[PDB]
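Now for the letters of each chain:
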Amino acid sequence: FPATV
Amino acid sequence: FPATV
Amino acid sequence: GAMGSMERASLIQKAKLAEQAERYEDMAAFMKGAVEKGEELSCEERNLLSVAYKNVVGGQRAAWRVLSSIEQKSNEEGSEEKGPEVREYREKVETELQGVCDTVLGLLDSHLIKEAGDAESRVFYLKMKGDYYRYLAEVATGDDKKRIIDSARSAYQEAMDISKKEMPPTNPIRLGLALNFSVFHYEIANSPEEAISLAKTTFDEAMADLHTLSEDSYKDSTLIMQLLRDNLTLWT
Amino acid sequence: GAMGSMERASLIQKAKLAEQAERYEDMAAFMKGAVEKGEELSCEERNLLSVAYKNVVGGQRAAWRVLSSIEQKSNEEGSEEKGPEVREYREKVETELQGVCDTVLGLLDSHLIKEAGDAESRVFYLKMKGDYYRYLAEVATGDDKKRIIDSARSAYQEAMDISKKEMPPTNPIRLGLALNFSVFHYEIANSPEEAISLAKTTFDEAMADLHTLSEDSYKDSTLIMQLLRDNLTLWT
Ligand SMILES: N=C(N)c1cc(-c2cccc(NC(=O)[C@]3(Oc4ccc(Cl)cc4)CC[C@@H](N)CC3)c2)cs1
Ligand SMILES: N=C(N)c1cc(-c2cccc(NC(=O)[C@]3(Oc4ccc(Cl)cc4)CC[C@@H](N)CC3)c2)cs1
C-alpha cells in the first residue's frame, strides 16, 4: 500500500 | 520480562 | 458523552498517557471528549486527535483487507462453500470502521471546521475530512459510492486551494495533504496520472523552497518529501 | 451473552478469522461465546481460547506497566504534581485487566475445569487458572494480595501434580506450565531459587526424553525448552 500521513 | 507461554 | 464530566485538560493529559501506553481507542475517546468541550483545538491537540483516530481506523482497515481477501478467495471457482461467516464478520468490521469514520466526520462537522479560520487548522481539518471519506470510499459498494468519493475529493480540493494560497510549499501539512490526495487519485478515483503529477509537482515545488528552512523544519519537510518519492517509485 | 444466537461452529470459525485479522478482542469474545455453549472444548478450541485472551491481557499488562512506571516517577522526590490523572488512568486500565482475568477465571470455573478429565485438557485449564490469578497478582496491593497469590500457586500446583503423573517430561503443556510456574516463583512469590530449580529440572528431564520423539514433536518440545534456558540465562 502507498504511504499516507 | 521473562518468557511465558 | 461519557467524558462530559472530565476536565478538558485532564482529557488531553490522559490522551497523551494513552498514547504512551499504545491504547489508541482510549486516546481517541479522550480526544473526542476534548473536542466536545466546544473549544477550538491547539496545534498539539489537533495532532493528538488525528494520531488517535488514524491508529484506530488504520487497524480496522488492515483487518478489513485481510477479511475481504479471505472473502474474495472463498468466492473463486473451486472454493468449498464455508457459509455466511466470512461475509458476516467482514461486514461487522466494516460497520465498526464506518462508525469510526462517521464519528470523526461528525466532530469535524460539529464544529471544528466551521470555527477553523487559520490555514494551519482549516487545511488540517479539511485534509482529515478527505481522509475519512476516503476510508469510507475504500469499503463502499452501493448507490452512495460515487457521492462518498466526491465528498472526499471536495474536501481535499478545498484544503488544496487554501494550502496553495496560504502556506509555503514545504509546509508539512501542505505536503501531507498532497501525499494523501495523490493516493486518493491513484487508489480511489482511478486517476493514476493525476496521482503521479500531483506527487511530482508537490515534491519539486517543495525542493525549491527547502533553502528557506531551519534545520528542524528541513527535517520535517524532507521526511514527507521522501514519502512522495516512495509512492512515485511504487507507481512508475 | 451477545453470542447466544450464533452457532458454536460459526463462533469457532469467526475466532479463526479474527485471529488472521489480528482482532484479538473479537477472537476472545467469539471463544467466550463458544465456551458458553456448554460443550467441552477440543484441543484446537482450547488453544484458540488461550491465544485470544493471552493477547488481550498481554496488551493490558503492557499498558499497565507503562502507566505504573509513569505513576511511580510522578511520586519521586522532585516531581511536579500533575494531579490525579495518571493514577486514575492506571486504575482504569487495571480495572479492565481485572475484568478480563475475572472473565477467563469465570469460564474456567463455569464449567471448563470440572468437566476436564483428560490430562491434556485438565492441565491446560489449571495452567490458565494459575496464569490469570498471576496476572491479578501482578496488580494486587490490598487485603487480598496474599490470597490471590495462593490461588495462583494452588492452581499451578494441581496442574504440576497431574502433569508429572500423566504426561511425559517433553509434553509441551507440561513444559509451558513449568515455564510459567517458574516465572510465578521468580516474579510473584519472591522465590527466585525455586524458579531457577524448577526451570533447570524441567529442562534436564525434558532433554533426557527427547530421544523418544518424532521430528515434529521434537521441534515443539525444544522450542519451549529454549524458553526455559532463556529465563535461566536471565536469572543467573
Ligand atoms: N503524537 C503526539 N503526541 C504529537 C504529535 C504532534 C505533531 C505536531 C506537528 C506535526 C506532527 N507530524 C507528524 O505526526 C508526522 O507528519 C505529519 C502529520 C500530519 C500531517 Cl497533516 C502532516 C505531516 C511526522 C512524520 C511521520 N512520518 C508522519 C506524521 C506531529 C504534536 S503532539
Ligand atoms: N493459534 C491457533 N489458531 C491455534 C494454535 C494451536 C496450538 C495447538 C497446540 C499447541 C500450540 N502451541 C502454542 O501455541 C505455543 O506453545 C505452547 C502453547 C501453550 C502451552 Cl500450555 C504450551 C506450549 C507454540 C510455541 C510458542 N512460542 C508458544 C505457544 C498451539 C491450535 S490452533
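Residues numbered from 1 in each chain as written, not as in the entry; some residues may be left out. Chains lettered and ligands numbered in written order. Heavy atoms only, no water. Residues with missing side-chain atoms left out of burial classes, pairs and counts.

- The record lists X-ray crystallography as the method behind this PDB entry and 1.60 Å as its resolution.

- Chain C carries the name 14-3-3 protein sigma in the PDB entry, which gives Homo sapiens as its organism.
- Its PDB title, taken directly from the record, is "Fragment-linked stabilizer for 14-3-3 and ERa (1075298)".
- Taken from UniProt, the Sequence similarities comment for chain C reads in full: "Belongs to the 14-3-3 family." (UniProt positions renumbered as here; feature names shortened; annotations may be inferred.)

**Re the overall build of chain C**
Point 1. Along chain C, the regular secondary structure elements total nine helices and zero strands.
Point 2. Each helix (α) and strand (β) of chain C, taken in turn from the N terminus, gives the series α-α-α-α-α-α-α-α-α.
Point 3. Compactness check: chain C gives a C-alpha radius of gyration of 19 Å against a globular reference of 18 Å for 236 residues, within 12% of the reference.
Point 4. Taken along the three principal axes of its C-alpha coordinates, chain C extends 60 × 50 × 35 Å.
Point 5. Summarising the internal contacts of chain C: among those between residues at least 6 apart in sequence, 68% fall at separations of at least 24. (Helix = DSSP H or I, 4+ residues; strand = E, 2+ residues; numbered from the N terminus. Rg over C-alpha atoms; globule rule 2.2 N^0.38 Å. Contact = heavy atoms within 4.5 Å.)

**Looking at the relation of the copies chain D and chain C**
Point 1. Its rotation angle being 180°, the transformation that places chain D on chain C also includes 0.0 Å of axial translation and leaves an RMSD of 0.0 Å. Taken together, these values place the two copies in the relation of a two-fold axis. The C-alpha atom lying nearest the rotation axis in chain D is that of D:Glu25; the distance is 6.2 Å. (Least-squares fit on C-alpha atoms.)

**Structural notes on the environment of D:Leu11**
All names here are of chain D.
Point 1. On the secondary structure map, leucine 11 appears in helix α1 (residues 8-20).
Point 2. By relative accessible area, which is 0% here, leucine 11 ends up buried.
Point 3. With 55 residues separating them in the primary sequence, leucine 11 and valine 66 have C-alpha atoms 33 Å apart.
Point 4. Not counting chain neighbours up to four residues away, the residues in contact with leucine 11 comprise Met3, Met6, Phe30, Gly33, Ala34 and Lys37. (Buried < 20%, exposed > 50% of the residue type's maximum accessible area, 1.4 Å probe, protein only.)

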